[PDB]
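Below are the chains, spelled out letter by letter.
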Amino acid sequence: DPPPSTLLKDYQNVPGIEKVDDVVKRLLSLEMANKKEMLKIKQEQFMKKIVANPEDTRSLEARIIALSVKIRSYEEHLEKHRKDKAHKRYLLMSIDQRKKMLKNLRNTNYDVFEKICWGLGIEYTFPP
Amino acid sequence: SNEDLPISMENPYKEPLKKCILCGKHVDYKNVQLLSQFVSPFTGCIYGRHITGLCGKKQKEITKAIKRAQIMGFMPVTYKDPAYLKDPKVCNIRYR
Amino acid sequence: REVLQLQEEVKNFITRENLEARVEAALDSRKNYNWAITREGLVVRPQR
Amino acid sequence: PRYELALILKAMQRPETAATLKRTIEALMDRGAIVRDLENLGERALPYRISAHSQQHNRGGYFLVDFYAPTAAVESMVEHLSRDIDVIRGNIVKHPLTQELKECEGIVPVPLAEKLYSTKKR
Amino acid sequence: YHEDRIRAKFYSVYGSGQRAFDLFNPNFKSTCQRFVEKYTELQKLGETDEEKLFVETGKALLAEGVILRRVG
Amino acid sequence: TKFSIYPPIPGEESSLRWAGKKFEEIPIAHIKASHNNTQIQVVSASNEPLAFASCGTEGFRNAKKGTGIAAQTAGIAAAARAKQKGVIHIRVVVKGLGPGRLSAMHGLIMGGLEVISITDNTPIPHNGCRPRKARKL
Amino acid sequence: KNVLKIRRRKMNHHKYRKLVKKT
Amino acid sequence: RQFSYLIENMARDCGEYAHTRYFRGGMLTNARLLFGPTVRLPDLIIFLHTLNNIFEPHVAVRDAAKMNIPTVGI
Amino acid sequence: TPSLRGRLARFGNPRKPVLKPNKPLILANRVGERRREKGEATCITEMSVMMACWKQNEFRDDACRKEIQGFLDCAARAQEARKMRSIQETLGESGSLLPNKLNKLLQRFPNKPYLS
Amino acid sequence: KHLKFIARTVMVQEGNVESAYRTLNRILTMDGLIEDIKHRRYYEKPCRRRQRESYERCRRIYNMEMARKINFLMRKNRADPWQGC
RNA sequence: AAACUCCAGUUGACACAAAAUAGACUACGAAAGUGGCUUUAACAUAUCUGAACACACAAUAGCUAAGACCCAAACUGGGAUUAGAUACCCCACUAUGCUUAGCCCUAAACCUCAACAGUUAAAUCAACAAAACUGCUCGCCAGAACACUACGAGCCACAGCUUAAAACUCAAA
RNA sequence: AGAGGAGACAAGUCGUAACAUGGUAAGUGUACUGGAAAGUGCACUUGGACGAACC
Ligand code: FES
Ligand SMILES: [Mg+2]
Ligand SMILES: [Mg+2]
Ligand SMILES: [Mg+2]
Ligand SMILES: [Mg+2]
Ligand SMILES: [Mg+2]
Ligand SMILES: [Mg+2]
Ligand SMILES: [Mg+2]
Ligand SMILES: [Mg+2]
Ligand SMILES: [Mg+2]
Ligand SMILES: [Mg+2]
Ligand SMILES: [Mg+2]
Ligand SMILES: [Mg+2]
Ligand SMILES: [Mg+2]
Ligand SMILES: [Mg+2]
Ligand SMILES: [Mg+2]
């Protein structure tokens, strides 16, 4: 997970944010924000790590990365709420959707597909 | 062509849409004086939108604020607070 | 602009230094969230 | 996130109320919260009798603590307020000023529904 | 019609003219119609600002002796 | 001044009086009007019982208890006992929608007690306990 | 509609359950 | 009924015929029975009000269409 | 008036139905009859006063004359008031209009749930 | 736990107990308390409650529309202006 | 009538139960379902259809094990009614409804109206119902009854659930 | 081969469960119970009604 001191995605690109009070840095940190801000930071990190164009969100790679972040959040949620059938269904359906997206990406762009699999740690397995 | 023919345009005589009395104003559970305006003086029942006249959004906001105030110790449940009996009557209901 | 406003606000926050002074000031002061509404949509403040 | 703790304290003299408020704000800070303001709503008769810690309260002092706390501190603060004896009733909400009010153009009238039944003669 | 916006603004500002519509006379010119005619005349004179044109129309009608009592 | 249907509030200065007594001091007549019975208990403002009368205590039995006539007789008896104990004005608090909900009140008026206020205290749960199953008739 | 088919199925199921209980 | 009298007067003045009362069933499709075997039906029917008093088309419109009588109508 | 949009189960309505009427929500061209109010036993209080006085006076009419007269007057008033209530129902002043005249008015302007 | 002699209380005016009780009953009826008590005497199963609510909502819609039509047409109850034609 | 009179009425203390009014709102969810309050996490898919060969859910009822138990309540017992009353009516109480951990996997699970895209043009249209349709795809249906049955198979289910026939019979349903 | 089931044959017997608000609305799932149709509990359905201005 990103360190709690990490600033929010919106506030990390404002000038002079390093000259503000430590209290202000705490307020704009992931510590003082919900888990979805952490998910957005994770998504941004993964995009910068993997995709050729970090600013492109409609690409299949961006969709795969966002779905992977959602899947990780669902798994973390289910680890605590093991009797949440709705989120269990969301996790399974998201897994299937990511498998479909990976199949499409592998058929279209193989090198980028390998980069996705390596960066996100996805072991693409052919269905039986 | 012909100058006197009609022209397509928006309705200029269209009156502005009627606004609920609470439109644009923040409803807060601590504002027991405002919430008491929408409860029955005798039974504490929350009045329906046909009585209050509020829109759906403001009716839901008033309802949730009243429930929050009642459960958090700001507002009585079974009756309207007597301190607010003489507040402006904004509910379309008469008992007498 | 929001960051600047937050930096301005932080000065007035309650810390472990001015805790007792702020507590005494709060006890001395009163805050009223009560205001009624009229059929014409006008806010009526309490007579305080 | 930004939370507002609405606090109803037992009606006490000024030193006891000050000590209780200081204890509560110190607990909030210890759990990680940044307290921004403490607003006194005054002492008033409760809308209804409250039985807290084997004591029936008819009057209470109302305070608000606006603060910014991590999501994990809310549960701990709720437990702490439950354990406290000087607190008649404490509830932490999400700060109402956080939720911005979307502009409303006005009440859009609802026309009478049409074509619900076939126009065949009956 | 183009004049409909002028008529709506006139009704919103000065209200309905105390002069009564006589829908039996085909050549009846209501106070609103006189306002519209003066406004069109002034607009043809090169003026383009809507608020300034409305103000000049009101002032010209007042100077001619027309009673124009604003609703507020 | 103008008459107000709202009762005076304790802790507020009110000029209204009844035999020199404030609204907080007037005795209370509790009328439980069940579907088959009507019980009337007069108590002091300090919660001291003074009189009690039910349709059963008036010699009415079985279905005859749950009638307006029996409730009126019970009201007359309770009012007579309360007037013997020195009660003149009463605050009426009625709970239940039985046949004797109103007639019992009339009995009190026939007994010689003046009703200054009427209150409904019918127990209406906010979806608490579950009542018995519906009858098939 | 009437419930004649439902009644036939109801009687069949009731008799089957009773047969199962008996044996 | 606001113009029954005017229309009847106009029909009498122009020499033609008028019907401004309750149109009985069959005045056109059953004329040979109501009037006689030698009755002469109108060769043109003019509706100054095509709607009856319950805001439905006048039955005479359909009946004259059946009897092949051209109908002028406002 | 409550909204009907999206209430009934119809094609194109995605949500489950809100209302399940057993009759079509179409205005009829007639109103319900002037429903009578079920009569209640009257003069019960005066009867009770008279009977209690009888019990106290051993059913001696001479002592109870006043209460007996009151009960009789109440009974006569109740009978005359029932007759006057029948007369008023024939008059129809209490209601905005009698059901017959209202049915005539609705006949003049019938509902049109069909095309023509 | 609430204060007493505030909720559902009506002051009697000059001993007019009849009118005070009528006002109290009207208040309870308008607030719906009387119907709530009557329905809470015996348990109403959720399917039955939903059916009753649907029926009452349809009845309210129909009654309001019929009242609107009656009020709209009541002006036409005046005398016949074209009598004899 | 039986039953309770350690009962009833007021006042005070008082919950692992259920969530008036709002709601004349029509929202969330894939469906089942979800209408007390607060907080946390959270409501898949930047074409659509698609699994009965799988995976995950699935009201109420029910089983298993440990708890709670106000109230309700199958069964049972008593009272009444009745020709009888193994019911309707009244009273008492249990399984059960609740919590936790597993099962069971069924509903008039129906809005008996499949998903997606589109039309109101006409040749609109058996009847009723909730107007008639078009393109595409999947699932299902082929006289009634036998039959939510038998056998086979699968299942934590063992008086069960899913899939599911045939023979004899009729000219209907 | 003792038996069970279905259908036909159609009797007699015991009730009247369904069709009208069928006299306790009917039905689905499920559990228990009963000479028998069936009864009751729990949830669901309208393939019931609630009379359709106010009263
Ligand atoms: S009228 Fe503006 S929000 Fe309701
Ligand atoms: Mg069979
Ligand atoms: Mg699909
Ligand atoms: Mg299940
Ligand atoms: Mg139990
Ligand atoms: Mg019990
Ligand atoms: Mg029983
Ligand atoms: Mg619970
Ligand atoms: Mg369902
Ligand atoms: Mg089955
Ligand atoms: Mg089977
Ligand atoms: Mg087998
Ligand atoms: Mg029968
Ligand atoms: Mg029956
Ligand atoms: Mg049943
Ligand atoms: Mg039984």
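Residues numbered from 1 in each chain as written, not as in the entry; some residues may be left out. Chains lettered and ligands numbered in written order. Part of a larger assembly, values for the part shown. Heavy atoms only, no water.

- This entry, as listed in the PDB, derives from cryo-EM and reports a resolution of 3.1 Å.

## Describing the overall build of chain F
Okay, step 1: When its secondary structure is counted, chain F shows two helices and five strands.
Okay, step 2: Going residue by residue from the N terminus, the α and β elements of chain F occur as β-β-β-α-β-α-β.
Okay, step 3: Along the first, second and third principal axes, the C-alpha set of chain F runs to 55 × 35 × 30 Å.
Okay, step 4: The buried share of chain F, taken over its 137 residues, is 44%. (Helix = DSSP H or I, 4+ residues; strand = E, 2+ residues; numbered from the N terminus. Buried < 20%, exposed > 50% of the residue type's maximum accessible area, 1.4 Å probe, protein only.)

## Remarks on the state of the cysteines
Residue and element names in this part refer to chain I.
Okay, step 1: Enumeration over the complete set of coordinates arrives at zero disulfides over all chains.
Okay, step 2: Of all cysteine sulfurs, the one in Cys-43 lies closest to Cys-74, which takes part in no disulfide; the gap is 5.2 Å.
Okay, step 3: Owing to a relative accessible area of 15%, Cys-74 belongs among the buried residues under this scheme. (Disulfide = S-S within 2.5 Å.)

## Focus: the pairing of strand β5 (residues 114–120) of chain F
Okay, step 1: Buried residues dominate β5(F), accounting for six of its seven residues.
Okay, step 2: Pairing of strand β4 (residues 89–95) of chain F with β5(F), which is carried by six bridges, proceeds in the parallel orientation. Paired with F:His89 across the two strands is F:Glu114, which belongs to β5(F).
Okay, step 3: Read from β4(F) through helix α2 (residues 100–111) of chain F to β5(F), the crossover connection turns out right-handed.
Okay, step 4: The pairing of β5(F) with strand β1 (residues 9–11) of chain J spans three bridges and is classified as antiparallel. For F:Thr119, the partnering residue across the bridge sits in β1(J) and is J:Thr9. (Pairing = 2+ DSSP bridges. Right-handed = clockwise from strand over helix to strand, strands pointing away.)

## So, the interface of chain F and chain J
Okay, step 1: On the chain J side, the residues contacting the 35 residues of chain F number 23 residues.
Okay, step 2: Between chain F and chain J, a total of about 3,000 Å² is buried, with carbon and sulfur atoms accounting for 68% of that surface.
Okay, step 3: When residues of chain F are sorted by the area they lose upon contact with chain J, F:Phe3, F:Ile118 and F:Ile124 head the list and together hold 20% of the total.
Okay, step 4: For the salt bridge of F:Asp120 with J:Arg8, the shortest nitrogen-to-oxygen distance reads 2.7 Å.
Okay, step 5: Run the count over chain F and chain J and you get eleven residue pairs in polar contact.
Okay, step 6: When residues of the side of chain F that touches chain J are traced back to their parent elements, those giving at least two are β4, α2 and β5 of chain F.
Okay, step 7: Top contributing element to the side of chain F that touches chain J by residue count: β5(F), with six residues. (Contact = heavy atoms within 4.5 Å. Buried area = accessible area lost by both parts, 1.4 Å probe. Salt bridge = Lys/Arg side-chain N within 4 Å of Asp/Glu carboxyl O. Polar contact = N/O pair within 3.5 Å; in protein donor to acceptor, adjacent residues only side chain to side chain.)

## Digging into unusual backbone geometry
Residues other than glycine predominantly adopt negative phi, and peptide bonds predominantly adopt the trans conformation.
Okay, step 1: The backbone of D:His53 sits at a positive phi, close to 55°, despite the residue not being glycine.
Okay, step 2: You can see D:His53 is positioned in the loop between β2 (34–51) and β3 (56–68).
Okay, step 3: The backbone of I:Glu58 shows a phi angle near 60°, a positive value even though the residue is not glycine.
Okay, step 4: Within the secondary structure, I:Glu58 is located in the loop between α1 (44–56) and α2 (61–91).

## Considerations on the sheet that holds β3(D)
Okay, step 1: The strand order across the open sheet formed by four strands is β2-β3-β1-β4 (chain D), and the pairing between neighbours is antiparallel. Only two strands of the sheet have a single neighbouring strand rather than two, namely β2 and β4 (87–94) of chain D. Neighbouring strand axes in the sheet, compared pairwise and without regard to direction, differ in orientation by 20° on average.
Okay, step 2: Judged from the seven bridges that link them, strand β1 (residues 2–10) of chain D and β4(D) form a sheet pairing that is antiparallel. Residue D:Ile8 lies in a different strand from β4(D), and its bridge partner there is D:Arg89.
Okay, step 3: Along the sheet face, helix α2 (residues 19–28) of chain C touches β2 and β3 of chain D and points at about 45° away from the line of β2(D). (Axes fitted to C-alpha atoms, helices over the stretch in contact; angles between N-to-C directions.)

## Side note on the arrangement of the chains
Okay, step 1: Taken together, the 15 pairs of chains in contact show their highest number of contacts between chains F and J.
Okay, step 2: Where chain A comes nearest to chain H, the C-alpha atoms are still 57 Å apart, and the two do not contact one another.
Okay, step 3: Chain F shows no contact with chain H. Their nearest C-alpha atoms sit 47 Å apart.

## Focus on the layout of surface pockets
Okay, step 1: Within this model, the second largest pocket holds a volume of roughly 2,200 Å³.
Okay, step 2: Lining the second largest pocket are 50 residues; nearest its centre among them are H:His19, H:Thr20, H:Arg21, H:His49 and H:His58.
Okay, step 3: Elements with a minimum of two residues in the lining of the second largest pocket: α1 (4–14), β1 (45–47) and α3 (59–66) of chain H together with α3 (99–108) of chain I.
Okay, step 4: If one sorts the elements of the lining of the second largest pocket by residue count, α1(H) sits on top with five residues. (1 Å grid on protein atoms, 1.4 Å probe; cavity = no way out; pocket = protein on both sides within 12 Å on 5 of 7 lines; lining within 4 Å. Points joined across faces, edges and corners; volume = space filled by probe spheres on them.)

## Describing the packing of aromatic side chains
Okay, step 1: A complete count under the given rule lists 21 aromatic pairs over all chains for this structure.
Okay, step 2: Between B:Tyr29 and B:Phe74 the ring centres are 5.4 Å apart and the planes differ by 85°, which places this aromatic pair in the edge-to-face class. Of the two residues, B:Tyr29 is situated in the segment before α1 (32–35) and B:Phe74 in the segment after α3 (56–71); the sequence distance between them amounts to 45 residues. Both residues of the pair, B:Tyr29 and B:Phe74, belong to the buried class.
Okay, step 3: Ring centres of H:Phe55 and I:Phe109 lie 6.1 Å apart, and the angle between their planes is 25°; on these two criteria the pair is classed as stacked. Here the residue H:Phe55 occupies a position in the loop between β1 and α3, and I:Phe109 occupies one in the segment after α3, the pair thus bridging two chains. (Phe/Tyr/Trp six-rings, centres within 6.5 Å; stacked < 30°, edge-to-face > 60°.)

## Quick look at the interface of chain D and chain C
Okay, step 1: The interface is formed by 21 residues belonging to chain D together with 19 residues belonging to chain C.
Okay, step 2: Carbon and sulfur atoms make up 60% of the area that chain D and chain C hide from each other, which totals about 1,800 Å².
Okay, step 3: Where chain D packs against chain C, one counts four salt bridges.
Okay, step 4: C:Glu20 is the salt-bridge partner of D:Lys22, the closest N and O atoms lying 2.8 Å from each other.
Okay, step 5: For the pair chain D and chain C, the number of links is eleven residue pairs in polar contact.
Okay, step 6: At the level of elements, α1 (14–30), β2 and β3 of chain D are the ones that each hand at least two residues to the side of chain D that touches chain C.

## So, the sheet that holds strand β3 (residues 49–54) of chain F
In a beta sheet, neighbouring strands pair by backbone hydrogen bonds and run either parallel or antiparallel.
Okay, step 1: The six strands are arranged β3(F)-β2(F)-β1(F)-β4(F)-β5(F)-β1(J) in an open sheet whose pairing can be described as mixed. Because the sheet does not close on itself, it has two edges, and the strands there are β3 of chain F together with β1 of chain J. Within this sheet the neighbouring strands show an average axis-to-axis angle of 20°, counted without direction.
Okay, step 2: As paired strands, strand β1 (residues 28–33) of chain F and β4(F) are joined by five bridges and run parallel to one another. Counterpart to F:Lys32 in the pairing with β4(F) is F:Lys95.
Okay, step 3: Contacting β2 (38–43) and β3 of chain F, helix α1 (residues 68–84) of chain F crosses the sheet at an angle of about 160° to β3(F).
Okay, step 4: With respect to the sheet, helix α1 (residues 17–30) of chain J is in contact with β5 of chain F together with β1 of chain J, its orientation differing from that of β5(F) by roughly 10°.

## Considerations on the protein's contact with RNA strand L
Okay, step 1: Around RNA strand L, a shell composed of 44 residues is seen, among which F:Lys133, G:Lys10, G:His14, G:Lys18 and I:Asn22 lie nearest.
Okay, step 2: Put simply, 69% of the atoms of RNA strand L that lie within 4 Å of the protein are in sugar or phosphate.
Okay, step 3: Here a phosphate oxygen of RNA strand L sits 2.9 Å away from a polar atom, N or O, in the main chain of I:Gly32.
Okay, step 4: At a separation of 2.6 Å, a phosphate oxygen of RNA strand L approaches a polar side-chain atom of J:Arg50.
Okay, step 5: Every element with two or more residues in the surface near RNA strand L is listed here: α1 (4–22) of chain G together with α3 (46–73) of chain J. (Near = heavy atom within 4 Å.)

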